[PDB]
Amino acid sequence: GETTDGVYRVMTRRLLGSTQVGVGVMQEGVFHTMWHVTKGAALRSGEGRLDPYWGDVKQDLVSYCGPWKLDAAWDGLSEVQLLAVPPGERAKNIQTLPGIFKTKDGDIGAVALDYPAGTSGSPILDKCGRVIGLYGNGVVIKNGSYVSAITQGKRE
């Protein structure tokens, strides 16, 4: 079906009404989303079918129709935009300066913007419009607010 580059809503008719479970990025004929949104299940695009190609529960990422294409990274210095696609609401760009998730295997960028669970998979972009990662996997901080990682894959 529709293979045009852009941001897309991931919907399901299994629950009550049409429920938005997540968001994804279409780039170079490849659909990119978080693993916890689809659980690796196939996707429909009108009458066309999208089958999974690569996935990893630890990274919490999955690609459809081909290998992971998104390879831009946060420069560790500048502000970014969360192109938030919330359930039932219009796509909206929000500008923030990312924080840091310090782990035992290195530092990861983090965005402190709180959005509904169905916003998971919304892309985070740099000043050139390049996708530097996806929003939707993070933690609940000492304040109760949500802080998501800037989750990026590896382009083989």
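The numbering used is simple: start at 1 and walk along the sequence shown.
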{"query": "Between 40-48 and 23-31 (mean CA B-factor, as deposited), the higher", "finding": "40-48"}
{"query": "Stretch exceeding the other in mean C-alpha B-factor - 60-68, 104-112", "finding": "104-112"}
{"query": "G138 CA temperature factor, ranked by third within the chain", "finding": "middle"}
{"query": "Cα B factor band for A117 (lowest, middle or highest third within the chain)", "finding": "middle"}
{"query": "CA B-factor placement of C128, once the chain's modelled residues are sorted into thirds", "finding": "highest"}
{"query": "Record-listed C-alpha B factor of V10: chain third", "finding": "lowest"}
